[PDB]
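Encoded as structure tokens, the structure appears first; notes follow it.
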Amino acid sequence: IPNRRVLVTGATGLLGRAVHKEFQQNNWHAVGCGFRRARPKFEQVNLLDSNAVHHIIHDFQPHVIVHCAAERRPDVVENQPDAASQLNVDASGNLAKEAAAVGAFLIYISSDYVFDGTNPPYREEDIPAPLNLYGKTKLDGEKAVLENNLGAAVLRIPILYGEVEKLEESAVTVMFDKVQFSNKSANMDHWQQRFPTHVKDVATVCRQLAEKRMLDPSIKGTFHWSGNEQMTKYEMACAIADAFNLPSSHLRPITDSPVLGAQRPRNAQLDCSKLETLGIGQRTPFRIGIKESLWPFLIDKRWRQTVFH
Amino acid sequence: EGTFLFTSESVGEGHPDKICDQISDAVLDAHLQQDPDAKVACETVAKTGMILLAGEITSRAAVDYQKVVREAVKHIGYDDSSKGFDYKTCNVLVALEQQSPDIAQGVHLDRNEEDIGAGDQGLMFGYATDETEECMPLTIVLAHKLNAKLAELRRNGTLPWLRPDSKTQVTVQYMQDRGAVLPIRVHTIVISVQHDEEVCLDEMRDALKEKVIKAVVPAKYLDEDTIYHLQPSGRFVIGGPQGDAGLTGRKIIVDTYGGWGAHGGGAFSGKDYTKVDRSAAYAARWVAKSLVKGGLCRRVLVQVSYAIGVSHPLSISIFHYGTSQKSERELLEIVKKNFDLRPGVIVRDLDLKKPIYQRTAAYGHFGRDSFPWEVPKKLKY
Amino acid sequence: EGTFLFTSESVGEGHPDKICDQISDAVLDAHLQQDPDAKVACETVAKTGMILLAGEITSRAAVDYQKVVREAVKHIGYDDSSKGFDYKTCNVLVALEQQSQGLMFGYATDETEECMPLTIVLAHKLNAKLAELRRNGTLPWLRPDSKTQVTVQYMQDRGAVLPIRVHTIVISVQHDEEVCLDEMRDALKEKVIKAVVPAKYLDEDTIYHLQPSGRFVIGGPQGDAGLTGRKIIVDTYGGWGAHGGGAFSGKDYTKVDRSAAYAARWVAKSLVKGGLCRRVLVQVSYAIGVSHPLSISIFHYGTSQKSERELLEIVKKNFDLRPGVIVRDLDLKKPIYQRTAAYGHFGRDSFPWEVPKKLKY
Ligand SMILES: Nc1ncnc2c1ncn2[C@@H]1O[C@H](CO)[C@@H](O)[C@H]1O
Ligand SMILES: [Mg+2]
């Protein structure tokens with residue numbers, strides 16, 4: 001059982017599962033937690049509960065703490081704002097309080113939606129200006145984390161995909177049914193520019209970063225990472241089709257801005273020099289990662305996924 | 001949200017049906033220490049004060065059926081009137097004919113070992129699942145370890161009011177995951193067990209929960225809502241063969257996968273490799289385990305079938321429960337390219353002439369340490 | 001293609017493990033006629049010239065075990081010592097001890113008329129057809145011990161399974177030493193297989209393993225010992241479905257292992273015939289302290305457009321699965337169990353649990 005200890009919040013979720021695992025299988029003692037339904041694999045915690053959080057930090061004494069749990073769906077934020085702010089910003093705070101009060105290295109996972117996408121590619125120290133509320137809540141997190149912990153690291157990250165359990169876990173993986181039903185025609189956004197990023201890559205950067213900070217206390221502040229294949233939500237759908245040897249034709253590419261899309265940033269691309277400099281980072285090809293991530297939701301496989309023959 | 005309960009039960013060394021599986025297998029071992037090529041279909045029957053052997057053995061061994069049978073019963077632990085059965089004084093009856101000559105000249109006589117035909121027809125299955133290290137389904141696994149623990153502590157001294165006869169049922173609450181299953185929590189546990197007259201329920205129940213269950217079932221699956229039913233309907237010394245009947249080969253779901261996957265009716269115990277009911281059922285398990293471990297599927301169901309006198313099996317079929325990225329045809333084609341499931345070959349791969357079968361006759365034949373069939377094969381493809 | 005194989009087996013009345021299954025239910029019938037509340041658990045053991053009976057009974061009925069055991073062994077057709085066994089000469093030992101949770105499955109499938117998997121129904125029916133041709137006379141060289149295996153090629157498809165064709169057929173059946181090896185195999189093809197397996201499934205490509213043992217003159221108890229409850233998968237869904245472990249024959253209706261198995265099957269065969277799903281498995285979890293099931297899980301293999309949510313709801317209206325109710329509906333005190341003890345339990349029109357309840361939902 002390794003010496004270094006790492007806490008991974010939101011480990012029930014897509015991104016946290018990968019970080020927990022990358023850290024663990026590269027010789028760390030790694031503890032995951034989440035309210036959602038942590039048990040039996042993880043520890044159960046309500047991040048809004050001060051003591052629940054305080055307890056498992058002061059009983060675990062972690063040197064690195066990665067913070068993935070948050071309200072991520074941009075729509076749900078504008079539906080329930082009282083809560084989204086409470087979890088993205090406040091929890092982040094309390095976590096950052098308890099983090100530096102245990103001498104621990106907080107890595108707050110953030111988001112490209114803190115930018116407006118009017119002048120890409122965006123660098124670490126460029127001027128944030130979100131267009132939507134999720135955009136702003138991930139940003140207010142960054143404050144609440146830095147104001148309560150000099151030497152915590154913010155790590156901004158684009159749209160995520162990866163080895164999901166339910167297609168809704170990623171805005172990439174959802175389109176899948178729309179790609180397999182070659183009979184039904186389906187529209188796809190061709191306006192907004194994206195950079196899909198595999199969470200197992202993100203988890204790699206997350207560990208890579210943390211370890212250097214175990215030697216070098218200058219590792220801190222804000223960082224960008226991102227996969228560098230640039231695609232629309234439509235272009236994704238056709239690489240997914242092609243990756244699985246499927247027709248992408250029933251896919252109509254709509255090129256107009258969505259009717260909510262003056263409040264969704266066009267190309268909020270990240271410049272990953274800051275990290276690339278320190279030689280951090282993994283970039284699994286989309287064409288591969290997405291095929292690794294989706295074959296369990298192939299219909300023919302999906303049919304045979306019962307409990308008994 | 002698509003989540004289910006499942007239950008597997010297990011019985012312990014001195015449950016009548018499992019004394020017969022044990023004794024029968026003990027008679028198999030007797031013959032194999034002397035004549036490794038023994039033909040054995042020993043079936044045991046156990047009622048009040050009786051052990052009857054019935055069947056067909058053909059072997060150059062010379063075997064003291066009285067000694068063998070009673071040493072098995074002794075080992076199991078019945079040794080006084082008070083306990084309900086006694087090795088020193090039980091009746092032992094031996095009705096053991098030779099192997100039908102028609103079967104021998106249809107199966108193995110005049111044939112090279114490798115080219116031996118199936119010892120009879122039928123279907124076998126092989127199951128495997130990623131839900132546990134041991135690669136078995138958690139229900140049956142826990143079920144067995146509870147009965148194993150009871151013995152350990154009866155035998156090692158640390159709870160010497162115990163007796164051989166026991167029955168554990170483990171209910172688990174599950175979740176589906178892209179074809180695989182996920183043990184979430186233990187819903188219910190039950191432990192009937194035989195004891196002597198000088199203990200109170202409240203002291204046994206306390207012991208069962210803290211010395212056995214708590215030290216077998218990982219804390220992570222237990223919670224404050226997990227039901228325990230320790231000594232369910234009270235006192236229990238009417239146990240073992242007393243007021244009973246017991247037959248070899250009646251606890252086959254328990255011997256195998258606890259009700260998961262599938263079974264083709266094959267009683268294992270009291271049989272040698274030539275009887276595919278057993279050898280191919282191990283081969284099947286080896287196959288499927290080697291595919292889960294190998295890393296191709298996450299859980300898989302295998303089926304072989306043979307016909308009497310025919311080495312190359314008549315059917316082979318894989319069901320990977322939607323869990324592999326490869327097709328089922330692709331896995332089948334691997335299995336053919338890596339295994340060879342004639343009995344004359346399997347005997348060699350899984351070393352099935354060794355007198356160690358009696359181990360198997362309790363606590364399940366699968367998911368267990370040191371068995372040949374449980375050591376996955378590295379696969380070329 | 002996206003196809004697969006699936007083998008099931010079945011055994012004739014004379015097969016010694018099944019001999020015992022029958023004699024055990026025979027004893028249960030003898031008691032029920034005199035005492036419907038009689039509580040019975042009877043193991044039967046068969047070997048070269050010996051029928052042994054074992055285990056506890058509680059009843060009012062007094063029963064001539066000599067008579068039961070012999071009239072059954074005659075009906076099966078073991079009549080001369082030329083055959084290995086004879087109802088007239090065999091020993092009958094009796095060792096009965098007489099005074100005065102649960103998890104079961106039911107499975108049904110639309111792949112055949114009887115709502116059983118093709119494989120096992122052809123296995124069953126091949127043996128039944130031998131019993132016929134031995135009893136009528138038309139094949140006089142047959143004897144009562146038999147075993148069929150029927151491997152079918154299948155086509156997975158939107159949940160349910162379509163029998164394409166009959167891949168491999170095994171029949172081994174005990175014969176006399178007058179008839180040559182040929183006349184048999186030839187007759188097995190034309191008199192038996194031809195009569196059972198629908199013309200549409202057979203072809204040049206089909207495989208026949210007929211008397212693959214060469215000789216099969218020694219059989220019945222003489223060839224292999226026989227014990228009650230050693231064909232549980234033959235008795236039910238021959239490779240398909242799922243099984244708890246409950247052997248049936250010899251037990252009476254107070255053991256839910258038997259009773260609920262019929263209830264759970266009834267419930268299934270209702271649903272397939274009633275259109276609510278093409279294929280189905282009914283898991284019925286009984287609890288200690290609860291006379292009702294604690295849980296019912298309904299895997300319909302995606303062959304339904306109604307949710308599993310829904311189907312569970314249709315069951316709790318239409319059925320009543322506490323033991324005390326099932327004994328009533330299926331009438332399980334009627335001494336009729338010896339007719340279940342061969343040729344499968346689930347899949348014949350005769351039985352209470354095989355007439356699909358009209359589902360008002
Ligand atoms: N010589 C034989 N050839 C083929 N099958 C047999 C033979 N003898 C017995 N059997 C059948 O197979 C079983 C034992 O292998 C018996 O119960 C019987 O039904
Ligand atoms: Mg058997």
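By order in the structure tokens, chains are A, B, ...; within a chain, residues start at 1; ligands start at 1, following the order shown.
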What's the 10 Å shell around residue 261 (chain A), counting only C-alpha atoms, without same-chain residues fewer than 2 positions away, as a short mmCIF file (atom, residue, chain, number, x, y, z; two decimals) with N, CA, C and O atoms, in the first residue's frame?
data_model
loop_
_atom_site.label_atom_id
_atom_site.label_comp_id
_atom_site.auth_asym_id
_atom_site.auth_seq_id
_atom_site.Cartn_x
_atom_site.Cartn_y
_atom_site.Cartn_z
N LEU A 131 -20.06 33.43 -21.03
CA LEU A 131 -21.31 33.83 -21.69
C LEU A 131 -22.52 33.20 -21.01
O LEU A 131 -23.65 33.63 -21.22
N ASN A 132 -22.27 32.16 -20.23
CA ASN A 132 -23.33 31.44 -19.55
C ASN A 132 -23.00 31.26 -18.07
O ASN A 132 -21.89 31.56 -17.62
N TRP A 191 -21.74 24.54 -35.99
CA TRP A 191 -21.28 25.90 -35.73
C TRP A 191 -20.16 25.92 -34.70
O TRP A 191 -19.01 26.19 -35.03
N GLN A 192 -20.51 25.60 -33.45
CA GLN A 192 -19.57 25.70 -32.34
C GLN A 192 -18.39 24.74 -32.46
O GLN A 192 -18.56 23.52 -32.67
N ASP A 256 -25.88 27.05 -38.59
CA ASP A 256 -26.31 28.25 -37.85
C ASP A 256 -25.99 28.10 -36.38
O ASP A 256 -25.86 26.98 -35.87
N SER A 257 -25.86 29.24 -35.71
CA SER A 257 -25.73 29.26 -34.26
C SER A 257 -27.06 28.80 -33.67
O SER A 257 -28.11 29.29 -34.09
N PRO A 258 -27.03 27.85 -32.71
CA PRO A 258 -28.23 27.47 -31.97
C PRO A 258 -28.95 28.69 -31.38
O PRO A 258 -28.30 29.69 -31.10
N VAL A 259 -30.26 28.59 -31.20
CA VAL A 259 -31.06 29.75 -30.74
C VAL A 259 -30.76 30.17 -29.27
O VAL A 259 -31.34 31.12 -28.76
N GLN A 263 -25.04 32.73 -26.28
CA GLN A 263 -24.62 32.42 -24.91
C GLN A 263 -23.99 31.03 -24.81
O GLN A 263 -24.10 30.36 -23.78
N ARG A 264 -23.34 30.60 -25.89
CA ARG A 264 -22.45 29.45 -25.90
C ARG A 264 -21.22 29.82 -26.73
O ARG A 264 -21.37 30.17 -27.89
N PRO A 265 -20.00 29.77 -26.13
CA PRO A 265 -18.79 30.32 -26.73
C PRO A 265 -18.31 29.55 -27.94
O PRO A 265 -18.20 28.34 -27.90
N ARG A 266 -17.99 30.29 -29.00
CA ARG A 266 -17.82 29.73 -30.32
C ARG A 266 -16.59 28.83 -30.38
O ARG A 266 -16.73 27.62 -30.52
#
Could you tell me, as a PDB file with N, CA and C atoms, in the first residue's frame, which residues of region 205-342 of chain C DSSP assigns to strand (DSSP E) when given the backbone?
ATOM      1  N   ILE C 207     -26.320 -33.894 -38.600  1.00  0.00           N
ATOM      2  CA  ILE C 207     -25.471 -35.007 -38.115  1.00  0.00           C
ATOM      3  C   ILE C 207     -26.283 -35.977 -37.238  1.00  0.00           C
ATOM      4  N   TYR C 208     -26.029 -37.269 -37.426  1.00  0.00           N
ATOM      5  CA  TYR C 208     -26.716 -38.309 -36.680  1.00  0.00           C
ATOM      6  C   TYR C 208     -25.663 -39.090 -35.909  1.00  0.00           C
ATOM      7  N   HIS C 209     -25.835 -39.142 -34.591  1.00  0.00           N
ATOM      8  CA  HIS C 209     -25.043 -40.002 -33.732  1.00  0.00           C
ATOM      9  C   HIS C 209     -25.991 -41.000 -33.099  1.00  0.00           C
ATOM     10  N   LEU C 210     -26.133 -42.131 -33.777  1.00  0.00           N
ATOM     11  CA  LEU C 210     -27.129 -43.121 -33.430  1.00  0.00           C
ATOM     12  C   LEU C 210     -26.432 -44.397 -32.978  1.00  0.00           C
ATOM     13  N   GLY C 226     -28.853 -45.633 -10.210  1.00  0.00           N
ATOM     14  CA  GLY C 226     -29.904 -44.648 -10.449  1.00  0.00           C
ATOM     15  C   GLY C 226     -30.400 -44.011  -9.171  1.00  0.00           C
ATOM     16  N   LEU C 227     -30.438 -42.683  -9.144  1.00  0.00           N
ATOM     17  CA  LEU C 227     -30.849 -41.962  -7.943  1.00  0.00           C
ATOM     18  C   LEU C 227     -31.878 -40.881  -8.277  1.00  0.00           C
ATOM     19  N   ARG C 279     -40.035 -14.007 -25.158  1.00  0.00           N
ATOM     20  CA  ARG C 279     -39.231 -14.856 -24.288  1.00  0.00           C
ATOM     21  C   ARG C 279     -39.262 -14.250 -22.889  1.00  0.00           C
ATOM     22  N   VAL C 280     -39.207 -15.074 -21.842  1.00  0.00           N
ATOM     23  CA  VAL C 280     -39.204 -14.522 -20.477  1.00  0.00           C
ATOM     24  C   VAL C 280     -38.660 -15.437 -19.386  1.00  0.00           C
ATOM     25  N   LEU C 281     -37.974 -14.821 -18.422  1.00  0.00           N
ATOM     26  CA  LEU C 281     -37.495 -15.501 -17.216  1.00  0.00           C
ATOM     27  C   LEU C 281     -38.074 -14.844 -15.964  1.00  0.00           C
ATOM     28  N   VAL C 282     -38.747 -15.626 -15.130  1.00  0.00           N
ATOM     29  CA  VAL C 282     -39.348 -15.083 -13.926  1.00  0.00           C
ATOM     30  C   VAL C 282     -38.592 -15.503 -12.662  1.00  0.00           C
ATOM     31  N   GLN C 283     -37.852 -14.560 -12.092  1.00  0.00           N
ATOM     32  CA  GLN C 283     -37.153 -14.776 -10.832  1.00  0.00           C
ATOM     33  C   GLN C 283     -38.097 -14.464  -9.677  1.00  0.00           C
ATOM     34  N   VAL C 284     -38.255 -15.407  -8.753  1.00  0.00           N
ATOM     35  CA  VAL C 284     -39.199 -15.262  -7.652  1.00  0.00           C
ATOM     36  C   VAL C 284     -38.478 -15.499  -6.328  1.00  0.00           C
ATOM     37  N   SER C 285     -38.073 -14.416  -5.658  1.00  0.00           N
ATOM     38  CA  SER C 285     -37.295 -14.511  -4.406  1.00  0.00           C
ATOM     39  C   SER C 285     -38.170 -14.589  -3.147  1.00  0.00           C
ATOM     40  N   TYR C 286     -38.272 -15.787  -2.552  1.00  0.00           N
ATOM     41  CA  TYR C 286     -39.042 -16.005  -1.306  1.00  0.00           C
ATOM     42  C   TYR C 286     -38.176 -15.752  -0.077  1.00  0.00           C
ATOM     43  N   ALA C 287     -38.800 -15.236   0.983  1.00  0.00           N
ATOM     44  CA  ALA C 287     -38.075 -14.780   2.174  1.00  0.00           C
ATOM     45  C   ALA C 287     -38.508 -15.513   3.443  1.00  0.00           C
ATOM     46  N   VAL C 290     -41.675 -13.861   5.427  1.00  0.00           N
ATOM     47  CA  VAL C 290     -42.627 -13.320   4.441  1.00  0.00           C
ATOM     48  C   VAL C 290     -43.233 -14.452   3.589  1.00  0.00           C
ATOM     49  N   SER C 291     -44.537 -14.695   3.764  1.00  0.00           N
ATOM     50  CA  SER C 291     -45.258 -15.718   2.995  1.00  0.00           C
ATOM     51  C   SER C 291     -45.405 -15.315   1.522  1.00  0.00           C
ATOM     52  N   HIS C 292     -45.486 -14.009   1.254  1.00  0.00           N
ATOM     53  CA  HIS C 292     -45.376 -13.483  -0.119  1.00  0.00           C
ATOM     54  C   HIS C 292     -43.907 -13.434  -0.578  1.00  0.00           C
ATOM     55  N   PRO C 293     -43.685 -13.468  -1.902  1.00  0.00           N
ATOM     56  CA  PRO C 293     -42.338 -13.221  -2.430  1.00  0.00           C
ATOM     57  C   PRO C 293     -41.804 -11.872  -1.967  1.00  0.00           C
ATOM     58  N   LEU C 294     -40.514 -11.784  -1.664  1.00  0.00           N
ATOM     59  CA  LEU C 294     -39.900 -10.496  -1.327  1.00  0.00           C
ATOM     60  C   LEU C 294     -39.631  -9.702  -2.614  1.00  0.00           C
ATOM     61  N   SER C 295     -39.349 -10.417  -3.697  1.00  0.00           N
ATOM     62  CA  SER C 295     -38.927  -9.776  -4.937  1.00  0.00           C
ATOM     63  C   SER C 295     -39.238 -10.675  -6.140  1.00  0.00           C
ATOM     64  N   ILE C 296     -39.680 -10.050  -7.226  1.00  0.00           N
ATOM     65  CA  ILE C 296     -39.840 -10.738  -8.493  1.00  0.00           C
ATOM     66  C   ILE C 296     -39.129  -9.904  -9.555  1.00  0.00           C
ATOM     67  N   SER C 297     -38.186 -10.516 -10.264  1.00  0.00           N
ATOM     68  CA  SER C 297     -37.449  -9.836 -11.331  1.00  0.00           C
ATOM     69  C   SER C 297     -37.822 -10.497 -12.644  1.00  0.00           C
ATOM     70  N   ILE C 298     -38.186  -9.699 -13.647  1.00  0.00           N
ATOM     71  CA  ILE C 298     -38.700 -10.241 -14.911  1.00  0.00           C
ATOM     72  C   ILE C 298     -37.836  -9.867 -16.126  1.00  0.00           C
ATOM     73  N   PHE C 299     -36.855 -10.720 -16.425  1.00  0.00           N
ATOM     74  CA  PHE C 299     -35.972 -10.516 -17.571  1.00  0.00           C
ATOM     75  C   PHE C 299     -36.733 -11.009 -18.785  1.00  0.00           C
TER      76      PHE C 299
END
Exercise. DSSP says alpha helix (DSSP H) for which residues of region 111-249 of chain B? Put them as a ChimeraX atom specification?
Worked result: /B:138-156,201-207
Within-9 Å residues of ligand 1, basis only C-alpha atoms and all ligand atoms, as a compact mmCIF listing (two decimals) with N, CA and C atoms, in the first residue's frame:
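Listing of result.txt after writing:
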# COMPACT_ATOMS: atom_id res chain seq x y z
N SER B 100 -20.05 -51.60 -16.96
CA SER B 100 -20.67 -52.29 -18.11
C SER B 100 -19.60 -52.47 -19.21
N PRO B 101 -19.34 -53.72 -19.65
CA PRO B 101 -18.39 -53.96 -20.75
C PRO B 101 -18.75 -53.27 -22.05
N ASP B 102 -20.04 -53.11 -22.29
CA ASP B 102 -20.52 -52.42 -23.48
C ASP B 102 -20.02 -50.98 -23.54
N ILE B 103 -20.04 -50.31 -22.40
CA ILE B 103 -19.55 -48.94 -22.29
C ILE B 103 -18.03 -48.87 -22.50
N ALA B 104 -17.28 -49.75 -21.86
CA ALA B 104 -15.83 -49.77 -22.02
C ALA B 104 -15.40 -49.95 -23.49
N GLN B 105 -15.93 -50.96 -24.18
CA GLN B 105 -15.62 -51.17 -25.61
C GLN B 105 -16.29 -50.14 -26.55
N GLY B 106 -17.10 -49.25 -26.00
CA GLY B 106 -17.63 -48.12 -26.76
C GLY B 106 -16.88 -46.83 -26.46
N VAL B 107 -16.02 -46.84 -25.45
CA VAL B 107 -15.41 -45.61 -24.92
C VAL B 107 -13.89 -45.57 -24.96
N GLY B 119 -17.20 -40.40 -22.00
CA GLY B 119 -17.70 -41.48 -21.14
C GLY B 119 -19.21 -41.61 -21.06
N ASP B 120 -19.91 -40.87 -21.93
CA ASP B 120 -21.37 -40.76 -21.94
C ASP B 120 -21.64 -39.38 -22.54
N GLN B 121 -22.87 -39.15 -22.97
CA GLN B 121 -23.26 -37.87 -23.53
C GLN B 121 -23.65 -36.84 -22.46
N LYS B 275 -15.65 -39.53 -17.57
CA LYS B 275 -17.04 -39.06 -17.47
C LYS B 275 -17.03 -37.54 -17.65
N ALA B 307 -21.11 -36.78 -27.20
CA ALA B 307 -21.92 -37.99 -27.31
C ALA B 307 -21.02 -39.17 -27.01
N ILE B 308 -21.61 -40.24 -26.47
CA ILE B 308 -20.84 -41.41 -26.00
C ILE B 308 -19.95 -42.03 -27.07
N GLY B 309 -18.66 -42.13 -26.75
CA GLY B 309 -17.67 -42.79 -27.60
C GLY B 309 -16.99 -41.89 -28.61
N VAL C 11 -33.86 -38.12 -21.37
CA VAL C 11 -33.71 -39.54 -21.07
C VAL C 11 -35.08 -40.21 -21.00
N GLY C 12 -35.13 -41.46 -21.42
CA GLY C 12 -36.35 -42.25 -21.42
C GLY C 12 -36.73 -42.74 -20.04
N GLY C 14 -36.97 -45.68 -18.81
CA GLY C 14 -36.14 -46.75 -18.30
C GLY C 14 -34.79 -46.32 -17.75
N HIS C 15 -34.33 -45.13 -18.12
CA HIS C 15 -33.07 -44.62 -17.61
C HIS C 15 -33.10 -44.63 -16.07
N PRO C 16 -32.15 -45.34 -15.44
CA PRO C 16 -32.25 -45.64 -14.00
C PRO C 16 -32.38 -44.43 -13.07
N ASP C 17 -31.78 -43.30 -13.42
CA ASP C 17 -31.97 -42.08 -12.63
C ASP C 17 -33.43 -41.66 -12.71
N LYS C 18 -34.07 -41.90 -13.86
CA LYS C 18 -35.48 -41.48 -14.06
C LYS C 18 -36.47 -42.53 -13.53
N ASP C 145 -34.37 -48.45 -21.56
CA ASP C 145 -33.32 -47.44 -21.27
C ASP C 145 -32.92 -46.62 -22.52
N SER C 146 -33.10 -45.30 -22.46
CA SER C 146 -32.76 -44.44 -23.61
C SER C 146 -32.22 -43.07 -23.20
N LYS C 147 -31.63 -42.36 -24.17
CA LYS C 147 -31.10 -41.01 -23.97
C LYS C 147 -31.02 -40.30 -25.32
N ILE C 171 -28.96 -40.27 -30.41
CA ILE C 171 -29.85 -41.21 -29.73
C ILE C 171 -29.02 -42.43 -29.37
N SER C 172 -29.06 -42.80 -28.09
CA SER C 172 -28.52 -44.08 -27.62
C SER C 172 -29.69 -44.75 -26.91
N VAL C 173 -30.02 -45.98 -27.31
CA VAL C 173 -31.17 -46.71 -26.74
C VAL C 173 -30.92 -48.23 -26.62
N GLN C 174 -31.16 -48.76 -25.43
CA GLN C 174 -30.84 -50.15 -25.08
C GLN C 174 -31.55 -51.19 -25.96
N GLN C 211 -26.67 -44.77 -31.73
CA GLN C 211 -25.95 -45.88 -31.11
C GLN C 211 -24.44 -45.71 -31.28
N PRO C 212 -23.92 -44.52 -30.95
CA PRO C 212 -22.50 -44.27 -31.17
C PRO C 212 -21.59 -45.08 -30.27
N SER C 213 -22.18 -45.87 -29.37
CA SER C 213 -21.46 -46.72 -28.42
C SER C 213 -21.15 -48.10 -28.99
N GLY C 214 -21.64 -48.37 -30.20
CA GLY C 214 -21.66 -49.71 -30.78
C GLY C 214 -22.78 -50.51 -30.15
N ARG C 215 -22.41 -51.39 -29.22
CA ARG C 215 -23.36 -52.18 -28.44
C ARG C 215 -23.94 -51.39 -27.26
N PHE C 216 -25.20 -51.67 -26.97
CA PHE C 216 -25.92 -51.12 -25.83
C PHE C 216 -26.95 -52.19 -25.47
N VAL C 217 -26.48 -53.33 -24.96
CA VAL C 217 -27.35 -54.45 -24.54
C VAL C 217 -27.54 -54.42 -23.03
N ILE C 218 -26.46 -54.12 -22.31
CA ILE C 218 -26.53 -53.95 -20.88
C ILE C 218 -26.95 -52.53 -20.57
N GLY C 219 -28.04 -52.40 -19.82
CA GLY C 219 -28.58 -51.10 -19.43
C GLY C 219 -29.55 -51.15 -18.26
N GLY C 220 -30.11 -49.99 -17.94
CA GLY C 220 -30.92 -49.87 -16.74
C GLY C 220 -30.02 -49.95 -15.53
N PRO C 221 -30.61 -50.14 -14.33
CA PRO C 221 -29.82 -50.23 -13.10
C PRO C 221 -28.52 -51.01 -13.25
N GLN C 222 -28.54 -52.07 -14.05
CA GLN C 222 -27.35 -52.89 -14.26
C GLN C 222 -26.12 -52.14 -14.84
N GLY C 223 -26.35 -51.24 -15.79
CA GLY C 223 -25.27 -50.51 -16.45
C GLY C 223 -24.77 -49.34 -15.64
N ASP C 224 -25.71 -48.65 -15.01
CA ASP C 224 -25.44 -47.44 -14.22
C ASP C 224 -26.42 -47.37 -13.05
N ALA C 225 -25.93 -47.03 -11.85
CA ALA C 225 -26.81 -46.84 -10.70
C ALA C 225 -27.74 -45.66 -10.94
N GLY C 226 -28.85 -45.63 -10.21
CA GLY C 226 -29.90 -44.65 -10.45
C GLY C 226 -30.40 -44.01 -9.17
Exercise. Using only C-alpha atoms and all ligand atoms, which protein or nucleic acid residues are at most 7 Å from ligand 2, as number ranges by chain?
Worked result: B: 249, 265-267; C: 230-231
Would you export the selected residues with N, CA and C atoms as an mmCIF file, in the first residue's frame, please?
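Output file result01.cif follows:
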data_model
loop_
_atom_site.group_PDB
_atom_site.id
_atom_site.type_symbol
_atom_site.label_atom_id
_atom_site.label_comp_id
_atom_site.auth_asym_id
_atom_site.auth_seq_id
_atom_site.Cartn_x
_atom_site.Cartn_y
_atom_site.Cartn_z
ATOM 1 N N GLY B 249 -24.588 -36.187 -5.406
ATOM 2 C CA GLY B 249 -24.936 -35.437 -6.606
ATOM 3 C C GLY B 249 -26.316 -34.804 -6.608
ATOM 4 N N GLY B 265 -26.962 -30.530 -15.963
ATOM 5 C CA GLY B 265 -27.369 -31.710 -15.181
ATOM 6 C C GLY B 265 -26.259 -32.616 -14.660
ATOM 7 N N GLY B 266 -25.012 -32.272 -14.923
ATOM 8 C CA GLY B 266 -23.894 -33.126 -14.513
ATOM 9 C C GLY B 266 -23.519 -33.149 -13.021
ATOM 10 N N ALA B 267 -23.807 -34.266 -12.368
ATOM 11 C CA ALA B 267 -23.265 -34.507 -11.042
ATOM 12 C C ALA B 267 -21.772 -34.747 -11.188
ATOM 13 N N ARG C 230 -31.646 -36.653 -10.192
ATOM 14 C CA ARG C 230 -30.367 -36.523 -10.885
ATOM 15 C C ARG C 230 -30.513 -36.044 -12.334
ATOM 16 N N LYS C 231 -31.729 -35.601 -12.671
ATOM 17 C CA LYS C 231 -32.052 -35.029 -13.979
ATOM 18 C C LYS C 231 -32.841 -33.703 -13.858
#
For this session: Compile the contact shell of residue 286 (chain B) as number ranges by chain: residues with an atom at most 12 Å away, counting only C-alpha atoms, same-chain residues fewer than 6 positions apart removed.
Result: B: 125-128, 135-136, 279-280, 292-294, 300-302, 335, 338-341, 346, 349-350, 365-368, 371-378
For this session: Would you kindly return, as a list in words, each protein, DNA or RNA residue with an atom no farther than 8 Å from any atom of residue 267 (chain A), considering only C-alpha atoms and excluding same-chain residues fewer than 6 positions away?
Result: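 Returned residues: residues 116, 117, 118, 119, 120, 121, 192, 193 and 194 of chain A.
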For this session: Extract, using only C-alpha atoms, all DNA, RNA and protein residues at most 12 Å from residue 231 (chain A), discarding same-chain residues fewer than 6 positions from it, and format them as JSON, numbers by chain.
Result: {"A": [159, 172, 188, 189, 190, 191, 192, 193, 194, 195, 196, 197, 237, 238, 239, 240, 266, 267, 269, 286, 287]}
Exercise. Using only C-alpha atoms, which residues sit within 12 Å of residue 196 (chain B) once same-chain residues fewer than 5 positions away are excluded, as a ChimeraX atom specification?
Worked result: /B:80-84,154,159-165,201,204,235-239
Problem set entry | Long-range neighbours of region 155-158 of chain C as an MDAnalysis selection string, 7 Å cut-off, only C-alpha atoms, 5 positions minimum in chain | (chainID A and resid 303) or (chainID C and resid 2:4 163:164 302:303)
